[PDB]
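Take a look at the structure below.
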Amino acid sequence: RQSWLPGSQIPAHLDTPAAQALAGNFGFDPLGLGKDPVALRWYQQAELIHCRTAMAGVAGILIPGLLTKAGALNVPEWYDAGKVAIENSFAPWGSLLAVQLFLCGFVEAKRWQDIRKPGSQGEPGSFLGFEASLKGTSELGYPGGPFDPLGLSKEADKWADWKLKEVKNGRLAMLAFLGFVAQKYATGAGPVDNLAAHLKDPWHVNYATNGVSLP
Amino acid sequence: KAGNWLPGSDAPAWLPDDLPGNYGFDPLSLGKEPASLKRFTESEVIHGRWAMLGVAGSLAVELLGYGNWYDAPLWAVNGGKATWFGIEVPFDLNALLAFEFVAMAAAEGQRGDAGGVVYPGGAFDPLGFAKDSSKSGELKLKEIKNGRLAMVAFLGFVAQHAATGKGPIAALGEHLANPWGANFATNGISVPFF
Amino acid sequence: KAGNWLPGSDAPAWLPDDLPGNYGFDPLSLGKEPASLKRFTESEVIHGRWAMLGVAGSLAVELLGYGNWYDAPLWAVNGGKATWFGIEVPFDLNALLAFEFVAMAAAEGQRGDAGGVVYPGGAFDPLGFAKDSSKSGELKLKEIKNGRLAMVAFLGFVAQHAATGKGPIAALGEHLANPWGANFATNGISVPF
Amino acid sequence: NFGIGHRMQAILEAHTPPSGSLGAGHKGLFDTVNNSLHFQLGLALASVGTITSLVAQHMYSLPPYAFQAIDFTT
Amino acid sequence: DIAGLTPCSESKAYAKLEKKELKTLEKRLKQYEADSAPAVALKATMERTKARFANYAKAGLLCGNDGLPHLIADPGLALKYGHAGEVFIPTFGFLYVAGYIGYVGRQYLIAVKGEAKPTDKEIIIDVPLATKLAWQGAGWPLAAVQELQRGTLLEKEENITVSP
Amino acid sequence: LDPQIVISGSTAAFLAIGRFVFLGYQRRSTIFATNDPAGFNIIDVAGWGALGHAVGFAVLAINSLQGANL
Amino acid sequence: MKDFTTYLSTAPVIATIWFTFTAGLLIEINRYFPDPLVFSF
Ligand SMILES: CC(/C=C/C=C(C)/C=C/[C@@]12O[C@]1(C)C[C@@H](O)CC2(C)C)=C\C=C\C=C(C)\C=C\C=C(C)\C=C\[C@@]12O[C@]1(C)C[C@@H](O)CC2(C)C
Ligand SMILES: CC(/C=C/C=C(C)/C=C/[C@@]12O[C@]1(C)C[C@@H](O)CC2(C)C)=C\C=C\C=C(C)\C=C\C=C(C)\C=C\[C@@]12O[C@]1(C)C[C@@H](O)CC2(C)C
Ligand SMILES: CC(/C=C/C=C(C)/C=C/[C@@]12O[C@]1(C)C[C@@H](O)CC2(C)C)=C\C=C\C=C(C)\C=C\C=C(C)\C=C\[C@@]12O[C@]1(C)C[C@@H](O)CC2(C)C
Ligand SMILES: CC1=C(/C=C/C(C)=C/C=C/C(C)=C/C=C/C=C(C)/C=C/C=C(C)/C=C/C2=C(C)CCCC2(C)C)C(C)(C)CCC1
Ligand SMILES: CC1=C(/C=C/C(C)=C/C=C/C(C)=C/C=C/C=C(C)/C=C/C=C(C)/C=C/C2=C(C)CCCC2(C)C)C(C)(C)CCC1
Ligand SMILES: CCCCCCCCCCCCO[C@H]1O[C@H](CO)[C@@H](O[C@H]2O[C@H](CO)[C@@H](O)[C@H](O)[C@H]2O)[C@H](O)[C@H]1O
C-alpha cells in the first residue's frame, strides 16, 4: 500500500501488523535498520521527536523570516540570530546551556524511562499529585493528557489522520532544516532570500549555479 | 454541581457533584486518580486563600498610598528603612528572611504533614459560621469563587506589570482615563502585531 | 521503601525495604553480597554523621566570621596562634596531631572493632527518642536524609573551592549578587568550552 | 616463631573479592608457591628482570658514579 | 605553540624547506624548453607543491624544530586548540569504515551458515547477497548497538575450549 | 621539640594504645607469658615500643629542619 | 554463461575486481584531491 517506490518489494519488517499500524509507513527502509522490532520501536520514537523539534524549529526560522521580509519584525537571519539575542539577554551561553540541559534533561530522562516501560511515570508517589496524568496512551510517543489541552486525542477515528498529518509535516520539516543548513553553506544568504532568488529567476538561480553540484 | 462552565458539555465522571467549586472543568483529565484530586482540592483552597490575602495586600497598598506591590521589596536593595502603615521597622532582609523561614515552616509543619485537612474544625473558626450542618457547602463555594477570582487577579497583576510596568490602581485609572487606548493591545507585548 | 529515585525502575532484590534510607538505588549492584551491604549500612551513617558535623563546622565558621573551612588549617604553615571562638589555644601542629591520633583511635577501637553496630542503644541517646518501638525507622530515615544532603554539600564545598577558590557563604552571596553570572559555568573549569 | 607477625597462609586466602570478581580469590596459592620451585624461580626472574631494566633505565639518566656520563663508552 | 611547537605559517624552517624543494624543481626545470611536456610536468609538480604548503599553513598545522607538520593525537589539546582534523576527525572517519567492513563481513558469514554447505559460498561469493548486505550495512553502528543490547552479538560459552 | 619529653611521651603513648585500646584486635618454645591480664609480654611490648620510638624520632626530626611547612 | 559468472564470482576474481575498485577509487580521489595530510573543509 502506497509505497515510496510503486514497484519495490516492501521489506517484510514494515508489513507486520505491529509496523503497518504506524504512521508514515510508506515501505521505506532501504538499509533495513528497523528489522529488529524494538529497534523499530526505538527508531519510531526517534522519528517523532526529530520531527516535532524540526517542526518547531522550522517555524522558528521561516515564520519569523517571512514575517520579516514582509515587514513588522526585525528578527535577523537564523544563522546569525544566535549571535544577537545574547546581548539582549543576561547570561553567558555557557550559563544558559547548562540550565537548559538541566531543564531539558529532566524531561528527556522521564521520556527515556517511559519508552523503556510505558506507564513508568504513572506510578503513584512520583510527583506531587501530577504523576497521575503521565501514563501516556496505549501507544507510546503520543502522551496526551496535559500534552493535549484541546482534546483531539479522544476520537479513535480521524486519529490515524492526525498521526499521518503530523509525520508528513514533520518529515517535510526535517528536510526543510537540512535544506536551511545546506542553503546557508552553499550561498550564505537567507532561506527566504533563496526563495526570492529562485522566484525572480528560476532557470538560472539554483544549485546548478554554485560550486556544490560540481561535476 | 451548580454550573457547567461550557454549556452542553458532558461532565467528567471523576469529579463528584458534592464537591465545593465543582463545574466539571478538567479538560486535561488532570485529576482522574482520586489521590491526585484529593491533593488538588487541598491545594486549590490554599492557593486560593493565600492569593486572597495576596491580592488584598496588593490593593490596600495602593488604596492607602504606599507605592505598589512590586516596589514593597525595594528596600532590601537600593536602600533600606522598611515601612508598614508608615511605621518604620528596623529589620534588614537577612534577619526577617530567617524569621519567616523558621516560623512559617513551624506553621507549615503543623498544617501540611500533620494530616491533609483543608477545613479544620475548631480554633480556626472564631465566630462560627460553618458547623458542617447545612450552611457549609454554600460558604465553601464562596471561598472557592472569591478565591479563584483572586488567583486570576494576581495573575492579572504580574502580567499587567510585566507588560506596562504599572500597578493595579495606577493603570485602572488609565483604562478609565482612556477606555480604548489604555488596554492590553496598545502595548506591543500582549498583541505583537497590531 | 518510600521512594523509587527513578520512577518506573524495578527495585534491586538485594535491598530490603525495611532498611532506613532505602530507595533501590544501587545501579552498580555494589551491595549484592549481604556482608558487603551490612558493612555499607554501617559506613553510610558514619560518613553521614561525620559530614553533618563537617558541613556544620564549615558553615558556622563563615556564619560567625572566622575565615572559611579551607583557611582554618593555615596556622600550622605561614604562622601560628590558632583560634577557636576567637580564643587562643597554644598548641602547635605536631602536638595536637599526636593528641588526635591517640584519643581518636581510642574512640575508634571502642567503636569499630568492638562490634558492627551503628545505632548503639544506651549512653549515646541522652534524651531518648528512638527506643526501637515505633519511631525508630522514621528518625533513622531523617538521619540518613539530612546525612546524605551533608555529604553532597561537603562535596559541593571541595569542588566549589577547587573551581572558584571561595567559601560557601562567600560565593552563595555571589550567586545571589549575580544569578546568571556567578554559577558553575562562568568559570572555565566545570564547563571547559 | 614469636607469636606476632603475619602468616602467609592467611593473607593470600583471605583476599577474595565478593561477587565472584576473582573466582575463589588467592585461596590455596601458598601450597603452590611454597612447594613449587619453578613458581618461585619464575617470580624471582620476573622481579630481578624488571629491576635489572630499572638499573639500566636509572643509570644513564641518573648516573650514580663520579665522571660517568662523561666516559661515553662506559 | 602547544608542546614546544609553532604554527607552520609562522615558522621559518618550514618556509626554508619549501624554498628548498622549489629550488630543486626549478634547477631540474632548466633543462627543458618552456613548451615541452617534461617542463609542463614539472611546473604542474610545483603548483601541486606550492598549493600543498599553502594548504598545510591554511589548516594551522604545527611545525617544530625541523619545520615539518607535527600532529597532536589528543582530544582536549586538539579540540581546545582547533586541531581535531589531524587525528580526532580521522579517528572516527576510519572507525566508521573499519567496523563497516567488519559488519558487512559479519553479516555475510552469519547469513551463510543456514545453508546446505556454507564452505562453498566462501569460495563463490553470492554477489546478489553480498552486495545487498554491502549497501544496507551503512547504518552499522545503529544496528550493532541494538545487537549489543540483546546478547545476540556475544555467543555464550558454547565456544570451544581445551582444559579450563 | 624537647629532647627528653617527646620521645618519652611518644613511647608512653604507643605502649598505651596497644595496652588499653587495640587489645583484642591484635589477638586475631614457651615464651608467651600472660602475666599482665591479656598477654602483654616483651614480644608485644617491643613491637609497640618500636612504633613508640620511631614515631617519636620522626616528631623530633620534623621539628628540626628549621621548622614546619605543613 | 551462468557458469562463467560463477567464475567471476569466485574468491580471487572478486578480490582482484574489488581491489581494482578500491585502489582505483582512492587513486582518482588522490588525483582530484592532491595530497590530503589533514582533513580540511
Ligand atoms: C531536529 C532538526 C532540527 C531542529 C532545529 C531546530 C530546533 C532549530 C532551532 C533554531 O533555528 C531556530 C528555531 C532559531 C535559531 O535562531 C536558533 C536555532 C537553535 C538554530 C532537524 C532534523 C533533521 C533530520 C533529518 C534531516 C533526517 C534525515 C534523514 C533521512 C533523510 C534518512 C533516511 C534514511 O534513514 C531512513 C529513513 C531509512 C534508511 O533505511 C534509509 C535512509 C535514507 C538512510
Ligand atoms: C493563577 C493560579 C493557578 C491557575 C491555574 C489554572 C487556571 C488551571 C486551570 C486548569 O487546571 C484546571 C483547573 C483543569 C485542567 O484540566 C486544565 C487547566 C487549565 C490546566 C494560581 C495563582 C496563585 C497565586 C497566589 C497563591 C498568589 C499569592 C500572592 C501573594 C501571597 C502575594 C504577596 C504580595 O503581594 C503582597 C501581599 C504584597 C506585595 O508588596 C509583596 C508580595 C509578596 C508580592
Ligand atoms: C560524597 C560522599 C559519598 C558519595 C558517594 C556516592 C554519591 C555514591 C553513590 C553510589 O554508591 C551508590 C549509592 C550506589 C552505587 O551502585 C552507585 C554509586 C553512584 C557509586 C561522601 C562524603 C563524605 C564526606 C565527609 C565524611 C566529610 C567530612 C568532613 C569533615 C569532617 C570536615 C571537617 C572540616 O570542615 C571542618 C569541620 C572545619 C574545617 O575548617 C576543617 C575541616 C577538617 C576540613
Ligand atoms: C607465566 C606465569 C608466571 C610469570 C609471570 C610473570 C613473568 C609476570 C611478570 C609480571 C610483571 C613484569 C609485572 C610488572 C608489574 C608492574 C607494575 C604493576 C607497575 C606498576 C607501577 C606503578 C604502580 C607506578 C606507580 C608510580 C608511578 C605512576 C610513577 C611514579 C611513582 C609511582 C609509585 C607513584 C609465574 C611465574 C607467576 C607462574 C604462573 C604464570
Ligand atoms: C613494670 C610494670 C609497669 C611498667 C611497664 C612499662 C613502663 C613498660 C615500658 C616498656 C617500654 C618503655 C618499652 C620500650 C620499648 C622500646 C623499644 C623496644 C625500642 C625499639 C627502638 C627502635 C626499633 C629504634 C630504632 C631507631 C633507632 C635506632 C633510633 C632512630 C630511629 C630508629 C627507628 C631508626 C607498670 C607500672 C605499668 C605496671 C606493673 C609492671
Ligand atoms: C544543543 C547543544 C549544542 C549547542 C552549541 C552552542 C554553540 C554556540 C556557542 C557560542 C558561539 C561560539 O562562541 C563564541 O561566540 C560567542 C558569541 O559572541 C562568544 O560569546 C561572547 O562573545 C562576545 C564577546 O567576545 C559578546 O558580544 C557575547 O555577548 C558573548 O556571549 C564566545 O566568547 C565565543 O566563544
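Labeling convention for the C-alpha cells: chains A, B, ... as they appear, residues from 1 per chain, ligands from 1 in order of appearance.
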
Region 56-63 of chain F surroundings by only C-alpha atoms, 9 Å radius, close-in-sequence under 6 positions cut, as a short mmCIF file (atom, residue, chain, number, x, y, z; two decimals) with N, CA, C and O atoms, in the first residue's frame:
data_model
loop_
_atom_site.label_atom_id
_atom_site.label_comp_id
_atom_site.auth_asym_id
_atom_site.auth_seq_id
_atom_site.Cartn_x
_atom_site.Cartn_y
_atom_site.Cartn_z
N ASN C 94 52.22 19.63 65.73
CA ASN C 94 52.77 18.31 66.00
C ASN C 94 52.38 17.76 67.36
O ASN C 94 52.65 16.59 67.64
N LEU F 1 59.58 19.00 70.58
CA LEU F 1 60.74 19.85 70.38
C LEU F 1 61.77 19.59 71.47
O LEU F 1 62.98 19.70 71.26
N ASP F 2 61.27 19.22 72.65
CA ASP F 2 62.13 18.92 73.78
C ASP F 2 62.84 17.59 73.56
O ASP F 2 62.24 16.65 73.02
N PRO F 3 64.11 17.47 73.96
CA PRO F 3 64.83 16.21 73.72
C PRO F 3 64.33 15.02 74.53
O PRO F 3 64.22 13.92 73.98
N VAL F 6 59.52 14.39 74.53
CA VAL F 6 58.73 13.96 73.38
C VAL F 6 58.95 12.48 73.08
O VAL F 6 58.00 11.74 72.87
N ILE F 7 60.21 12.03 73.09
CA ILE F 7 60.49 10.62 72.82
C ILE F 7 60.03 9.74 73.98
O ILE F 7 59.64 8.58 73.78
N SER F 8 60.01 10.28 75.20
CA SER F 8 59.49 9.51 76.33
C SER F 8 57.98 9.41 76.28
O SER F 8 57.42 8.33 76.51
N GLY F 9 57.30 10.52 75.97
CA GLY F 9 55.85 10.52 75.95
C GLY F 9 55.26 9.81 74.74
O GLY F 9 54.15 9.28 74.83
N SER F 10 55.98 9.80 73.62
CA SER F 10 55.50 9.09 72.43
C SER F 10 55.53 7.59 72.65
O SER F 10 54.60 6.88 72.24
N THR F 11 56.60 7.08 73.27
CA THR F 11 56.66 5.67 73.62
C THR F 11 55.66 5.35 74.73
O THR F 11 55.06 4.27 74.74
#

Nearby polymer residues, ligand 4, at most 8 Å, only C-alpha atoms and all ligand atoms, as a PyMOL selection string: chain D and resi 38-43+45-47+49-50

With C-alpha atoms kept, could you save the residues just selected as a compact mmCIF listing (two decimals), in the first residue's frame?
# COMPACT_ATOMS: atom_id res chain seq x y z
CA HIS D 38 59.52 -23.08 39.22
CA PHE D 39 56.85 -20.74 40.56
CA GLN D 40 59.39 -19.28 42.97
CA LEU D 41 62.03 -19.12 40.27
CA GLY D 42 59.58 -17.59 37.82
CA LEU D 43 58.62 -14.83 40.23
CA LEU D 45 63.29 -13.90 37.42
CA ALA D 46 60.29 -11.63 36.84
CA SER D 47 61.28 -9.36 39.70
CA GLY D 49 64.48 -8.97 35.31
CA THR D 50 62.45 -5.81 35.82

DSSP helix (DSSP H, G or I) selection over chain E, as number ranges by chain: E: 13-29, 37-58, 90-110, 120-123, 127-136, 140-150

Residue 46 (chain F) environment, 12 Å, only C-alpha atoms, sequence neighbours closer than 4 positions dropped, as a count of residues only: 14

Contacts of residue 138 (chain E) within 8 Å, only C-alpha atoms, excl. fewer than 4 positions in-chain, as a list in words: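 In the requested form, the answer reads residues 31 of chain A; 100 and 134 of chain E.
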
All residues 7 Å or closer to region 23-29 of chain C, only C-alpha atoms, same chain fewer than 4 positions away omitted, as a PyMOL selection string: chain C and resi 1-5+11-12+15
